[PDB]
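Peer 1: Chains A, F, E, B, D and C supply the protein sequences, listed in that same order. The first sequence maps to residues 63 to 106, 110 to 148, 152 to 193, 200 to 218, 235 to 266, 281 to 413 in PDB author numbering. The second sequence maps to residues 63 to 148, 151 to 192, 201 to 218, 235 to 265, 281 to 413 in PDB author numbering. The third sequence maps to residues 63 to 196, 200 to 218, 235 to 266, 281 to 413 in PDB author numbering. The fourth sequence maps to residues 63 to 102, 110 to 193, 200 to 218, 235 to 266, 281 to 413 in PDB author numbering. The fifth sequence maps to residues 63 to 103, 110 to 191, 201 to 218, 235 to 264, 281 to 413 in PDB author numbering. The sixth sequence maps to residues 63 to 196, 200 to 218, 235 to 266, 281 to 412 in PDB author numbering.
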Amino acid sequence: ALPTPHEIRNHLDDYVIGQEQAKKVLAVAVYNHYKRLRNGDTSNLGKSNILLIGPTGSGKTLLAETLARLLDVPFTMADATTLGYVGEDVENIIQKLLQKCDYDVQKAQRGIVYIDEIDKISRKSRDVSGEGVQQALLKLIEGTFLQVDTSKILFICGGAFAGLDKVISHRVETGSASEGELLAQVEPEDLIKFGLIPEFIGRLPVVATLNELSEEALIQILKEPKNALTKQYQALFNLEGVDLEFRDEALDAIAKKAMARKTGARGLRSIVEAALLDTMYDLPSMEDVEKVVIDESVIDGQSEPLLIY
Amino acid sequence: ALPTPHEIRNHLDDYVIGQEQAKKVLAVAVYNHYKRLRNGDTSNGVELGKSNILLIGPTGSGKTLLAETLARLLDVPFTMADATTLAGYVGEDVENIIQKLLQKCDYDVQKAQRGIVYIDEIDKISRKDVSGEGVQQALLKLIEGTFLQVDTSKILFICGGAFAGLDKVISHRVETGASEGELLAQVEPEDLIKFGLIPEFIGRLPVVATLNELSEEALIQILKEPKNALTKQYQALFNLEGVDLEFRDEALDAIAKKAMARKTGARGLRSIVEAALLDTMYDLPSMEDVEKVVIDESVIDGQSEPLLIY
Amino acid sequence: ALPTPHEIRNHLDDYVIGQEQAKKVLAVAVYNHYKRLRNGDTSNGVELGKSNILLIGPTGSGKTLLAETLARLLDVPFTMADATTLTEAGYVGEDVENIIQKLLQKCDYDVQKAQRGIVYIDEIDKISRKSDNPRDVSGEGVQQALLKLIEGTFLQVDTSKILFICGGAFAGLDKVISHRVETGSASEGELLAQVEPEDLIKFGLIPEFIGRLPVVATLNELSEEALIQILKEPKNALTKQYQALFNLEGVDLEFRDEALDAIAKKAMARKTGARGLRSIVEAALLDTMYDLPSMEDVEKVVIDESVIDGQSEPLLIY
Amino acid sequence: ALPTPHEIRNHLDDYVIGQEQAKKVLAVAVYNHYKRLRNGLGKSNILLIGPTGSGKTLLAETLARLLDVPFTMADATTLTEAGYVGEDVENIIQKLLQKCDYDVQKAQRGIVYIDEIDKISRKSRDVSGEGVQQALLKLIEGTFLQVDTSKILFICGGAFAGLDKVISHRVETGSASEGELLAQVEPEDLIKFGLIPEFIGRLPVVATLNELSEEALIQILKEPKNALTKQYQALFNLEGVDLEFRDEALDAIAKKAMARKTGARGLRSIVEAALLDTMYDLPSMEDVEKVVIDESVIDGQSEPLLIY
Amino acid sequence: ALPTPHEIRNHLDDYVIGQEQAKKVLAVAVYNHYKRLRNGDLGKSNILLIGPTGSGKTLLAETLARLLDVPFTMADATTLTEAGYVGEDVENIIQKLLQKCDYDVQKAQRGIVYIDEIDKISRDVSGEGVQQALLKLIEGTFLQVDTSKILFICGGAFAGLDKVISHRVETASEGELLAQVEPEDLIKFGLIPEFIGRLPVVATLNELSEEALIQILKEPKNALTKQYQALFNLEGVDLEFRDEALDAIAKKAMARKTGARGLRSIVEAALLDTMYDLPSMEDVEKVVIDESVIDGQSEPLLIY
Amino acid sequence: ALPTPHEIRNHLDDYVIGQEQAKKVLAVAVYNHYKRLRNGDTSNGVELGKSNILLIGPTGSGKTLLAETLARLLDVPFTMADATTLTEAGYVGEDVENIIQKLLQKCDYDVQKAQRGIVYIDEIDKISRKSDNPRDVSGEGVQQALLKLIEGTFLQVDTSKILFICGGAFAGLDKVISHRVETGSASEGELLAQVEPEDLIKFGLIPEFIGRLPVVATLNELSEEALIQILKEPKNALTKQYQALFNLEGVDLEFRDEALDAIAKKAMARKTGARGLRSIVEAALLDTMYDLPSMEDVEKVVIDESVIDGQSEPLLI
């Protein structure tokens, strides 16, 4: 029984924060895709391939993985950068999909494939080789000794598209907003000028966009997600018989640190670990009730966490 | 009384926009073909070209429309066929195209010989494999001409194809030390050879027409007529939802215009329709209405939402 | 009853103009090849040449036409192939045998008649792995893979019996020969006559491949006066074909000599040889044929200002 | 029963000298990693940054031994410049299984050390080097062994010669030692060094090693439970002879090692050559003890003192 | 049943003329090589052919294989030089050997490999790379085939070799000088010591005499005259080559410096016209005189 | 009763000329290895060096002869193997254990005596994956597969007990060492003495493999005298090889000492060392082997006059 777009988006809210508009798009795209497969297209339809456009560490990869998990469907990643002999490496993505699929052809067709850094292969001011991948990987999108047809499998292509923000503004301008508002005005002709071939873009009808993560968002990322850092470490300290408490001032402190390093959410973990290193070290050697992390423990990194006996 | 190429092309200007060079070629090719048939080729023993045609142009340029139109202009039985659907048992499916031509011909052997046959996606069968080529040679037997008892020698063959890679092989030859339109004009039989077509097949397609831009009318037809047309596909999607999906003519035309402005051809049609029906499909399973009507304002402007009838 | 080399050449004169030396070579080569087959080579143990041929001539010189004509004159299954479509594959090794299934198909899958068949490989000069015109490892692979055919090995057919004709332009060949034949301090035709297996070696062909092509035929560059003859003399000459087309229109088509020469000059500047003749004539009569049936005149006269110019329209006589 | 970080560090003190801060870090990272696995969260992957012959490799090996866990090494250099090395990246896995008796579960508990990570960094072949950072990146997360590399601990070692500079260009203020500078290391410093953001984000735990002191080299010859002198004293011991290393001789060995820039790795090769002649004509003699002096090491001219 | 060296040399006399010393060496080298393989082993017995271009180096290698019904494959040392990617092209020689071997691992090991123009790779950094890369083959390492069993024959002209030998042997003719060849002479030439040690057996070919070419047209079982006499024979006509004509053919070959390879191209052009109007006549025999070859003016004699 | 390193080297002097420094290292390494085995390493928990050896010397320097001799002097099962026949396979991982079954074969299938055995791996330098002498992925696979043996794991025999001696020429090693030992702006023998584990690293050997070969012996380029022993003593000595060839012909081949010395001198004059020995013997026996399978005699004797002068033919009985 397929989950409605409402249900898919709801389960995406549990793993990904914000990006509500993109999750609406993905929900529909995904739903329609499998809705199409489960009725054998049409007796005697929509490719529904998706194009993720957002900054690095926005959640592009996370969304793809989550979609597959929520639909108990084989999932495999691949990099456009790593892509004549690579034409026989493009089919490699398929064997990997079969590996995680128990070599079940049918389940392999229901699978999802995420290609990262698509904006990197775009030949714009090696070009001849790069375009070669756009056209070689293009043969996959349509669908062709596994014997599996790639027509059935859903393709999700993610990319940062740094220069895309510019080409859009050069078009949308008038006479004389923010990146989020600009990426909404994105059109397939903007991707053309960016470096993507018309035949490739025509194979990616569904276009999703991810907004710039807020500083406050990072704080949410540390708390709200089911696998949020704080929850992960509270679980660790929990099997030690100790309660771990993160003061709001400390969480904000962590976000600020992450912004100063321009590492976004990816740099969150490396900050928390270093802040809890000493504590976890001499933790199994003590006997206290709970440990409370304050701002002074994070930003300054001088004072140790409060210990409650 | 046969229509002059001047008259033929002139009638092609009414169904097809632009493509003036291709229509001139088709006009002469067609005219010569029937001019040869209506004089019994040549008494005794004299040579005469087959006059078969090879349409080379992007998807939604007017290839198919041109073929259909030609037949209507000459009140001649017309039948289509896809090169992709064409195996050894398909060799007996190649003759199927003939029985279909006879069906629309009222089973009149003579009028069937005057008939026109359009084969789409020829560029697809090019082995560049053992089976695909098998069709090139199996269908090759038709071009020459052999229990209908009808000879396919008389019937005109028009092969349409996009030839995506053809634009490259030509540039690798014509180079020295322009646009696709200028490059496709330099097309030579040897370019199709390297592309995947066998020499014996190309030699059977002497007349080569080339289309450049797209045809607004065909783009509209592509959204409707095809068995797997976008509208029909989405009407099927909305149908298993208990809802009827209606595309107003203004909306379809609106969709074509968008596609032309983006120069993405027919390939860019879907991406336009999807974006227009995104919101609707999202909160569709959560509603309870009879049908949804897509107007022009929903496509071009994309501002208003589709009309909902309960 | 096999045709003597005399008869073979004579019939080649009806389809090809000039290249007399080449036609004499092909005549002997072809005759000997089948003369060998129709006597079962040699009983017990004896030697016999493979008799495979290597056509060397400019593009549109008649290489292909010669190969085709040879087959028609001997009512023998004929099939073409491009050496370019072969290079760069080990999966093409199973595509090299494809040429055989083609030969069978046109031969009514007849095993013996397929063995009598003729195979023409075009653009052999393109696969040669050499520093000239810089994949090599893959190209040579074909010289050796297709080499397995030349000798002869689920059709069950042996390619030992079938005649192989390999055509090519060999653009750089004219140079390597001159770097050898030179003395201390003529034309391409005279130079291509001095051709030697070692010249092809330096060009890019492997020794084992050349040794399988003993018979070497050389084609001259079609003369402008020859091209003029091609447009007129042949029974299926272009002018005659187009005069026939204009004829069922009730109109007489006249090609002025100044126009025919103009056509030849156009063909030479394009180096397309005779193969480029049609494409020039068509474009010159294009406009005319378009609005021809719409008119009611007596005859149309093609002048030199209509061909090379492509400007002034053909003279119309009412 | 898992050993506390205290216990892990204690056993590390026995095989490795100094680097107390690094051993504290590794102890935690390791403890947490397995603490996480044994309860069915943080990846806890580690990045060792220290000079050549500082103890990076030794730390990795020791950690595994102390935890009776399958261990395997690999060189990041042998990886770069290939798409066929992507299938060589999984090779590291098959080898981990070989030493694991092909037990999928114990293979997941295993530890993997990648040396010379600083070498693959494409920074001021590049396109190929980065390819490994991302190819080996797929391992870090975890994916016909059927084993998932999500469970296995990854330890990436490197010298990072240029890292000392990029850190100084950031930490500077307006107008200390490498040890103090490597402490100020941040993921953004590695970014500028040539590492991709997605790779560094997979190596959260960062351990920094100091340059082994020349006097530390002397300690390396004495203090460790498996110190060279203790090894050779044992060898000489089952001969009925007592081996005595004079302090002047131990310092002499250290100096030799420094002039050769071979660090601690070059210690053995020096001691062996110094005791080579003695061990040869040892079992043929009958004395009480042999005393190695400086004259026997540096000059190598004089033989070791023999007491009967 | 292995053929004795006597027998091997004998069958070599039928395809190659002169070079009797080289054929005795190759005969022993080959015999021992397979005598070793058929008893499960010892010497590598790899061979180094040293002779001018068109002396018969290649022909000797090919003939040896045919006489022993063993897979044979050629290769050019020049196409190898200047690459580390050619290190994976050195294995190509093996896959080719397997191709002609029907992919039979065992028969591929019995195979023979001839590398031409070895003297060309002699150094520079890239060229030496092949000497050491192709060196790994000589010893013998997804075919799974070991190149230890396969016999290697390395041919070369060694233009400068005649000089280095003279600078040493000094205190006759090239033939006498190439006999005094020593591994140290190849060292100074450009070959690495480790490569030469892998080529123990050294065969030296003489420069084919003018008169030798004459023999080349007659003596060999597949001599041109015999081939064309057979061609004219299935026409009912007897073909006779005058001695003055054969000598005339040899001279032509020398003036063109094409050696024996240029023999055919000379005979063909001389008998071209005759073969053209041969099947159209009815005579007893055709005689080829010198006037028909050298001058190419007069037509061959026709006896009815 | 184990022989002292003194006694071991002394008996090595009877089968090998020169290479005294190498023989001293081998004597100590070997002695220690078995000294450790015969005392069951160490009761409870104590450390002990594996004591595996790495022979580095030119071809025909006696690397193989030293290995074989060591086994004979200690009445211990010995087996050879070529690292070259191993590379390029995962199925060779099951061929790596083959070396063990061969060791058992010569050991009468006695597990214990098999553990005391010695294994010599030749041409180790060949498997090294490096830019020098350009498969790599496959070669390394053996370094790590054979690596599993060094440590020690249907035999049930543990390869931990058996001594491993890996020989190789290491042609490029002489260069990498010079690029390191250099100072600002001697001979190979002096250069190979400066050898370090890091030099083998850059050469193509993995760190984990080298750490398993603690003992490193270096051989010099042999003198003209040693050549005579190389022609006779080694298991696969040329004379034995050709005596075997002549043997399957029903004929006995005898090399007079005067001839053997004659061969050495020839090789010495050409300065090709031991590598040039074969090319000399072949040329001297060429004619004989040619018309040999065609005759019917008892034995052929090679004298000095047949080698040096090359004028007179070998004696036929």
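Positions of the beta carbon are idealized from the N, C-alpha and C atoms, including for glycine.
Determine whether the Cβ of residue 125(F) lies closer than 8 Å to any Cβ atom of chain A.
Peer 2: No - not a single Cβ of chain A is within 8 Å of the one on residue 125(F).
Peer 1: I need the straight-line Cα distance from residue 92(A) to residue 331(A), nearest angstrom please.
Peer 2: Straight-line Cα distance between these residues: approximately 24 Å.
Peer 1: What residues are listed by DSSP as bridge partners for residue 169(C)?
Peer 2: None, per the DSSP bridge assignment.
Peer 1: Looking at C-beta atoms only, is the number of pairs between the segment 95-111 of chain C and the segment 119-127 of chain C that lie closer than 8 Å three or more?
Peer 2: No, they do not touch.
Peer 1: Three or more beta-carbon pairs under 8 Å between the segment 379-386 of chain D and the segment 77-93 of chain C, yes or no?
Peer 2: Output reads no: the segment 77-93 of chain C does not touch the segment 379-386 of chain D.
Peer 1: Quick one: which chain D residues come within Cβ less than 8 Å of residue 101(E)?
Peer 2: Under the 8 Å cutoff, chain D gives 343.
Peer 1: Is it the case that the segment 396-411 of chain A contacts the segment 342-349 of chain B, given that we only count it when at least three CB pairs across the two stretches are under 8 Å?
Peer 2: Segments in contact, no.
Peer 1: May I ask you to verify whether the segment 158-170 of chain F touches the segment 104-119 of chain F, counting CB pairs closer than 8 Å and requiring at least 3?
Peer 2: No: the two stretches stay apart, fewer than three of their Cβ pairs being nearer than 8 Å.
Peer 1: Using DSSP's beta-bridge definition, name the partner residues of residue 142(C).
Peer 2: Partner(s): 182(C).
Peer 1: Between residue 237(D) and chain C, is there a C-beta pair that is closer than 8 Å?
Peer 2: With 8 Å as the cut-off, residue 237(D) counts as an interface residue toward chain C.
Peer 1: Which value, in whole angstroms, describes the spacing of the CA atoms of residue 366(F) and residue 211(A)?
Peer 2: If you take the alpha carbons of residue 366(F) and residue 211(A), they lie about 22 Å apart.
Peer 1: Is the beta carbon of residue 181(F) sitting closer than 8 Å to the one on residue 141(F)?
Peer 2: Contact flag set, yes.
Peer 1: Step through the CB atoms of chain D and report whether any lies within less than 8 Å of the CB of residue 366(C).
Peer 2: Cβ-Cβ to chain D under 8 Å: yes for residue 366(C).
Peer 1: Examine the Cβ distances between the segment 317-324 of chain F and the segment 352-367 of chain F and report whether three or more of them are shorter than 8 Å.
Peer 2: Output reads yes: the segment 352-367 of chain F touches the segment 317-324 of chain F.
Peer 1: Output the distance between the C-alpha atoms of residue 371(E) and residue 259(E), rounded to the nearest integer angstrom.
Peer 2: Straight-line Cα distance between these residues: approximately 29 Å.
Peer 1: Taking the alpha helix (DSSP H) that residue 386(A) belongs to, which residues open and close that run?
Peer 2: Taken as a continuous stretch (DSSP letters only), residue 386(A) belongs to no alpha helix (DSSP H), as it is neither H nor E.
Peer 1: Taking the straight line between their C-alpha atoms, what separation do you get for residue 281(C) and residue 154(A)?
Peer 2: Approximately 50 Å, taken between the alpha carbons.
Peer 1: At 7 Å on the CB atoms, spell out the chain D contacts of residue 406(C), in chain order.
Peer 2: Result: empty, since nearest Cβ-Cβ is about 14 Å, beyond 7 Å.
Peer 1: Pull up the distance between the alpha-carbon of residue 240(D) and that of residue 139(E), whole angstroms please.
Peer 2: Roughly 44 Å separates the two Cα atoms.
Peer 1: Cβ of residue 292(B) within 8 Å of Cβ of residue 305(B)?
Peer 2: A contact, by the Cβ cut-off of 8 Å.
Peer 1: Whole angstroms is fine: what's the gap from residue 193(B)'s alpha carbon to residue 308(B)'s?
Peer 2: Going by the C-alpha atoms only, they are around 22 Å apart.
Peer 1: With DSSP as the reference, please indicate the residues paired to residue 395(E) in a beta bridge.
Peer 2: Residue 395(E) is bridged to 348(E) and 411(E).
Peer 1: Throw me the rounded Cβ distance for the residue 243(F) and residue 179(F) pair, which I believe falls under 8 Å.
Peer 2: Indeed they touch by this definition, with Cβ atoms about 5 Å apart.
Peer 1: Along the segment 349-381 of chain C, what residues have a CB closer than 7 Å to any CB found in chain D?
Peer 2: Residues passing the 7 Å Cβ filter: 365, 366, 367, 370, 371, 373, 374, 377 and 381.
Peer 1: Near residue 354(D), which residues of its chain fall below 6 Å by C-beta distance, leaving aside the five closest residues on each side in sequence?
Peer 2: Answer for residue 354(D): 397, 398, 399 and 402, listed in chain order.
Peer 1: Pick from 65(F), 253(F), 376(F) and 143(F): whose alpha carbon is nearest that of residue 134(F)?
Peer 2: That would be 65(F), whose Cα lies nearest to the Cα of residue 134(F).
Peer 1: Nearest-angstrom Cα distance between residue 352(B) and residue 407(B)?
Peer 2: Each residue's Cα considered, the two are about 17 Å apart.
Peer 1: Quick check: is the beta carbon of residue 314(A) nearer than 8 Å to any beta carbon in chain B?
Peer 2: So no, residue 314(A) is outside the interface.
Peer 1: Just tell me which of 73(B), 151(B), 266(B) and 209(B) has its CA closest to the CA of residue 328(B).
Peer 2: Nearest option by C-alpha distance: 73(B).
Peer 1: Based on the DSSP secondary-structure assignment, which residues constitute the bridge partners of residue 245(D)?
Peer 2: Looking at the DSSP assignment, residue 245(D) forms a beta bridge with 181(D).
Peer 1: Taking buried to mean at least 16 other C-beta atoms within 10 Å of its own C-beta, is residue 261(B) buried or exposed?
Peer 2: Answer is exposed; the Cβ neighbour count stays below 16.
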